[PDB]
Structure formats: structure tokens, C-alpha cells
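*Asks:* Have a look at the structure that comes next, please.
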Amino acid sequence: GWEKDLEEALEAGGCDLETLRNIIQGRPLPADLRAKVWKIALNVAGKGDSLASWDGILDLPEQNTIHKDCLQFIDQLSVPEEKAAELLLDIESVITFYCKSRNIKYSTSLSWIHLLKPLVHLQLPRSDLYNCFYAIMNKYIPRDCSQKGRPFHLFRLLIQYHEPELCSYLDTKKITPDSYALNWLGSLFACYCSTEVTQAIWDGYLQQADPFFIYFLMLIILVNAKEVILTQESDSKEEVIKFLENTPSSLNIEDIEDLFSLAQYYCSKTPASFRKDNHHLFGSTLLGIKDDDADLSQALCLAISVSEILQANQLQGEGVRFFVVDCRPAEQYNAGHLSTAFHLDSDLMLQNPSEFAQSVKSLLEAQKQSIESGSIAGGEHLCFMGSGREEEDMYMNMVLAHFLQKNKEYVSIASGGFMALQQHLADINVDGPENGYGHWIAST
């Protein structure tokens, strides 16, 4: 029924991905129409060949190392060897021209070969093979993925958000995401998964067109191995990493439906800030210069933009809601504070630990009653806010440490603290929410 509609819709019109998506509705793609929907998904309907203009032979200082890796793939697949040479020439030319067109130099640790595997299986011409690979690389593959930088820090923060206990174990044994999930992100599972299940993943992924979805897919794969990771404490660091690497290869075609539904579920319990404040990972690096003093290397937990805090709580429609915790001293708090925020005086932490403990007990009770009441203040997700000044906000380290050690899920920090709150409201000229009788910031 929908397949004939898809057939005709793809033929003529030059329709967008959005309309195409409405036809399929997450149903399995026909093999003969998979190339066209993938093309449309990657926004390469009639892009021209860039290899013809090149008119160059494969010459590079690291050309020898490229040749071996290309053969390994074709040797692994073992295609009909009459027209195997054709594919080798196309693959090796694509990599070299990409290495030339861009400044970057080739290495074996790159996951470039694995990205081509599912595209090669569709069996497109060299032109479309490059355009697809080029498109995927700037859309859905992080720039700093190769070096193992910010992209894996973001994943660590997600793991900590939803699975504190697991994250803590991994951090303790110094098993960072880059160790086991390098090729997860680099290849979009194409390194480990079989052609059939890789295709099923890539079908849904390209249709959805969400760069950060990989994080949620990767999370599910990791969470599925939670039991195994924690139970055994006998195996060495290297032995556990080895196991984790090949967890995606254990997937089957009937697992994929649940993988996506679970990814979307964990996504629905994750702040919008996760995506919105980290667009600089996929595009150019030049964007994200504006976000000064917001390094994921230095981050202890996920950072929430003040805008989301004010918006999210007003909705009250089974979404992500925040219980805001002002962590500043009583002097700063009383001068001006968010009117829906619990006051956790960070001065108590060291000076009177007993009264701080009582204050933490009150906090959790207040969060509970605020959720039950269905008030503007109530929310599952703990978001701690300081001054916003880097001079003062060391106590945030110790506050966050206190809750993280007790494996509290949904622990976040307010991006730019109370200073960013004042600035945000000042910028948009808003005093309070629409419904109610009070301003956001009060002196009592």
C-alpha cells in the first residue's frame, strides 16, 4: 500500500525527507528504493561528481597504509572477484580525494573504511559514494571524534546523568568512553554490526536525521551490558574494554526496533540543552567560540541553559522538569534568588556538615512534595546553580561531588549560574511566567 506510494513519490517531484518519512512510518525500506531514500536523507539528490575535475592518480605520503586497509575490507566481504577490482579503485580514490580536498592526513585508527561498507553494499557509482560519505562525515560524525576529545566527554556526561552508578565504576577503573566506543561513534556501529542490522540502524538513523541520536543508541548498548560490567570485578581493565567494544556486534535485526524505542525513551528524559548547547561538535569548530568557559573536559555533569529551566517547568505536560537548587551563601541568596529554588547553603558543607546533611534531607523532601503538588518548582531533575562567577563557584565541585557519590540520577548544573539568569531575563525583558502572581527573581 505505502510501497507503491513510495515508488511514485521517489520517481518525480523532488520531494523532501519530511514527506517521505510520513509514507514509510518506520516500516522496512525496499532494497531497490533504499539508495534513493538514503540519497534524499543525506540531501544528495543530483549532486555532481567531484572526482572528474580532480583528474589525479593516487599519490600520498600515507598512500601505502591506505592500500592495505582497502584490501582488508574487500577480502573480508569476499565479493565476486570478477568486478572486485572496480570497487577497490573507487574506495581508494574516494579516501585519497577526501584526504586531498581537506587538509587532514590518513591513519588506520580512523573509522572511514567502516562508513563505506553499508554504502558499498547498496552498490552506487563513485560520485554518489563520495557525496554520501562526505555528507555523513560533516552531518553525523563529530569533528574531534578521531582525537578522542569533547564528543566522548559529552557521552560520559550522558551516562552519568542516567546511570550514575555505572559511570562511577567506569571512571574509577579509568575506562573512558573513547576506549570502547571510538568506532561506535566513528563508524555508526558499521565497524561491529553485520550488513543487515547496520542497514536497519542506518535506515532509521538517516530517516530521523538527528546528529545526537547516536549518543542515545550508544547509551542503550552500554546499559544493556550494565549487569555484566558491575558483577565481574575480577577481569582487568583491558579485558572489560575488549568485551564492551564488541557488544554492538551481538545485535540482531529483531533487536533494532527496541533499540530505537529505548533510545527515544532515554532521549525524552534528557534536557533539550544536551543537543542545543553542543551543535559545535558536528558543524564547524568556529561556532562554539561564543560559548566561552564551557569545556566538556572540565565538566563534572551536564550543563542546562537557563532558558530551558524557565520554559520546561511552565509546560507541565509529562516533560523534563527541574528542581532548582540555589547553592550560593545566604548573603548572595537573600540579595536576589530564583523564587522557585531551594536554598542549599554551600557554606554549611564544611563549616557545619550535620546541618548541611539536614538541609540535603529537607531538599529531597521538598523535591518530593513539589512533584506531588504539581507546582512550578517541582521536577525530577536536580539542577544546581551558583553565582556564575568562576571566582566563587569552587563549592559547586563539592556540592556536585556530594550528590554524584550517592549515585543521584539527573544531576545537572545551571549554565552561567544566577548571573546568567539575570542576564537572560534582562535580554528578553521578562519578569515572570505568563500564569501566576510572581516574578522569577525575588528578594524573599
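Chain lettering (A, B, ...) mirrors the order of the C-alpha cells, residue numbering begins at 1 for each chain separately, and ligand numbering begins at 1 in order of display.
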Within 12 Å of region 401-419 of chain A, which residues of region 290-369 of chain A show up? Give each one with its shortest atom-to-atom distance in Å (one decimal) and the two atoms involved, counting only C-alpha atoms, rows by chain then rising residue number, as JSON lines.
*Replies:*
{"residue": "A:291", "atom": "CA", "partner": "A:415", "partner_atom": "CA", "distance": 10.2}
{"residue": "A:292", "atom": "CA", "partner": "A:416", "partner_atom": "CA", "distance": 10.3}
{"residue": "A:293", "atom": "CA", "partner": "A:416", "partner_atom": "CA", "distance": 9.4}
{"residue": "A:294", "atom": "CA", "partner": "A:415", "partner_atom": "CA", "distance": 8.4}
{"residue": "A:295", "atom": "CA", "partner": "A:415", "partner_atom": "CA", "distance": 11.6}
{"residue": "A:299", "atom": "CA", "partner": "A:413", "partner_atom": "CA", "distance": 9.5}
{"residue": "A:300", "atom": "CA", "partner": "A:401", "partner_atom": "CA", "distance": 8.3}
{"residue": "A:301", "atom": "CA", "partner": "A:412", "partner_atom": "CA", "distance": 5.6}
{"residue": "A:302", "atom": "CA", "partner": "A:412", "partner_atom": "CA", "distance": 5.0}
{"residue": "A:303", "atom": "CA", "partner": "A:413", "partner_atom": "CA", "distance": 5.0}
{"residue": "A:304", "atom": "CA", "partner": "A:414", "partner_atom": "CA", "distance": 5.1}
{"residue": "A:305", "atom": "CA", "partner": "A:415", "partner_atom": "CA", "distance": 5.2}
{"residue": "A:306", "atom": "CA", "partner": "A:414", "partner_atom": "CA", "distance": 6.3}
{"residue": "A:307", "atom": "CA", "partner": "A:415", "partner_atom": "CA", "distance": 9.7}
{"residue": "A:308", "atom": "CA", "partner": "A:414", "partner_atom": "CA", "distance": 9.9}
{"residue": "A:309", "atom": "CA", "partner": "A:414", "partner_atom": "CA", "distance": 8.4}
{"residue": "A:310", "atom": "CA", "partner": "A:414", "partner_atom": "CA", "distance": 11.4}
{"residue": "A:320", "atom": "CA", "partner": "A:410", "partner_atom": "CA", "distance": 9.9}
{"residue": "A:321", "atom": "CA", "partner": "A:410", "partner_atom": "CA", "distance": 10.3}
{"residue": "A:322", "atom": "CA", "partner": "A:410", "partner_atom": "CA", "distance": 9.2}
{"residue": "A:323", "atom": "CA", "partner": "A:411", "partner_atom": "CA", "distance": 10.0}
{"residue": "A:324", "atom": "CA", "partner": "A:414", "partner_atom": "CA", "distance": 8.5}
{"residue": "A:325", "atom": "CA", "partner": "A:413", "partner_atom": "CA", "distance": 9.3}
{"residue": "A:326", "atom": "CA", "partner": "A:418", "partner_atom": "CA", "distance": 8.4}
{"residue": "A:327", "atom": "CA", "partner": "A:417", "partner_atom": "CA", "distance": 9.7}
{"residue": "A:328", "atom": "CA", "partner": "A:418", "partner_atom": "CA", "distance": 9.1}
{"residue": "A:332", "atom": "CA", "partner": "A:418", "partner_atom": "CA", "distance": 9.9}
{"residue": "A:333", "atom": "CA", "partner": "A:418", "partner_atom": "CA", "distance": 9.4}
{"residue": "A:335", "atom": "CA", "partner": "A:418", "partner_atom": "CA", "distance": 11.4}
{"residue": "A:336", "atom": "CA", "partner": "A:418", "partner_atom": "CA", "distance": 8.8}
{"residue": "A:337", "atom": "CA", "partner": "A:418", "partner_atom": "CA", "distance": 7.4}
{"residue": "A:338", "atom": "CA", "partner": "A:418", "partner_atom": "CA", "distance": 8.0}
{"residue": "A:339", "atom": "CA", "partner": "A:418", "partner_atom": "CA", "distance": 11.8}
{"residue": "A:341", "atom": "CA", "partner": "A:418", "partner_atom": "CA", "distance": 11.0}
{"residue": "A:346", "atom": "CA", "partner": "A:402", "partner_atom": "CA", "distance": 11.2}
{"residue": "A:349", "atom": "CA", "partner": "A:402", "partner_atom": "CA", "distance": 9.4}
{"residue": "A:350", "atom": "CA", "partner": "A:402", "partner_atom": "CA", "distance": 11.7}
{"residue": "A:353", "atom": "CA", "partner": "A:402", "partner_atom": "CA", "distance": 11.5}
{"residue": "A:356", "atom": "CA", "partner": "A:402", "partner_atom": "CA", "distance": 10.8}
{"residue": "A:357", "atom": "CA", "partner": "A:402", "partner_atom": "CA", "distance": 10.2}
{"residue": "A:360", "atom": "CA", "partner": "A:403", "partner_atom": "CA", "distance": 9.4}
{"residue": "A:361", "atom": "CA", "partner": "A:403", "partner_atom": "CA", "distance": 11.8}
{"residue": "A:363", "atom": "CA", "partner": "A:403", "partner_atom": "CA", "distance": 11.7}
{"residue": "A:364", "atom": "CA", "partner": "A:408", "partner_atom": "CA", "distance": 10.9}
*Asks:* According to DSSP computed on the backbone, where in region 260-375 of chain A is there strand (DSSP E)? Give the residues as a PyMOL selection string.
*Replies:* chain A and resi 302-304+322-326+337-338+342-343
*Asks:* Taking into account only C-alpha atoms, which residue in the set A:340, A:261, A:362, A:207 is nearest to residue 37 (chain A)?
*Replies:* A:207
*Asks:* Calculate how many Å separate CA of residue 331 (chain A) from CA of residue 347 (chain A), rounding to one decimal.
*Replies:*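 Interatomic distance here is 10.6 Å.
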*Asks:* So the first atom is CA of residue 73 (chain A) and the second is CA of residue 117 (chain A); what is the distance between them in Å, to one decimal place?
*Replies:*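 Taking CA of residue 73 (chain A) and CA of residue 117 (chain A), their separation equals 7.9 Å.
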*Asks:* Identify which of the residues A:423, A:111, A:268, A:224 lies closest to residue 441 (chain A), counting only C-alpha atoms when measuring atom-to-atom distances.
*Replies:*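 Using only C-alpha atoms, residue 441 (chain A) sits closest to A:423.
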